[PDB]
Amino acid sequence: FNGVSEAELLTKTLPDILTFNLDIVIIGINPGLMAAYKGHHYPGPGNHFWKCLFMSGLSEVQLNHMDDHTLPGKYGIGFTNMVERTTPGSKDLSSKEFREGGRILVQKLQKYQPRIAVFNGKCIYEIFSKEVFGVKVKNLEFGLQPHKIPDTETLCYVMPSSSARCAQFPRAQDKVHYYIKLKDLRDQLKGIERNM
């Protein structure tokens, strides 16, 4: 990576971008190498996140990973990951690392209490659900889940990973439906709060 070794990148981490009073926290899996290199969320040339964010109207202009620190204040959106350690991929992580992450994540969510905890990936919600809700359904679906983060009113919302690795949702366009329904959920919640 412009002369930086993988071995160097494996030891970097990616800072969370979290505040109080967020509408949404995007929870990725763990930093990939490019994220680790950049120190910003979803820089992957092919990752669909920033494209989907704009295509859905969650951002009114096309943003990119360099804009990530502006999202809390301007857009009501923050970032963390289920697991902190950088790896060359999401099947390099152990079940223990995942469960440790889940525990850490739920404490972060109990602290910051966003309106909506967004799992950027079905696989990490599968883990979270088992660990936190003691529930594994056989037919986990995308979208809104039926359990709030414990001791909070923060909902859980699941999307197909923005990584372009998965073939079932081959393009940004194939995932945008979930970002639109995420926008609608936020808008609904704000509307309830506004109208009491």
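Rigid core here is just the name for the largest C-alpha set that superposes within 1.5 Å across the two forms. The first residue of the shown sequence is 1; numbering continues from there.
Choosing between 128-136 and 49-57, the greater Cα displacement from the shown form in 5 other deposited structures of this protein, fitted by the core, goes with 128-136. Where the structures in 5 other deposited structures of this protein are fitted on the rigid core, 80-88 is the one of 80-88 and 117-125 whose C-alphas sit farther from the shown form on average.
Mean C-alpha B-factor is higher over 129-137 than over the other stretch, the pair under comparison being 129-137 and 167-175. Stretch comparison (147-155 versus 52-60) by mean CA B-factor in the PDB entry places 147-155 on top. Residue set 39, 160, 31, 45: peak C-alpha B-factor at 45 (per PDB entry). The entry assigns its greatest Cα B factor, within the set 14, 24, 18, 10, to 10. Among the modelled residues of its chain, residue 77 has a C-alpha B-factor that falls in the lowest third according to the deposited record. Among the modelled residues of its chain, residue 117 has a C-alpha B-factor that falls in the lowest third according to the deposited record.
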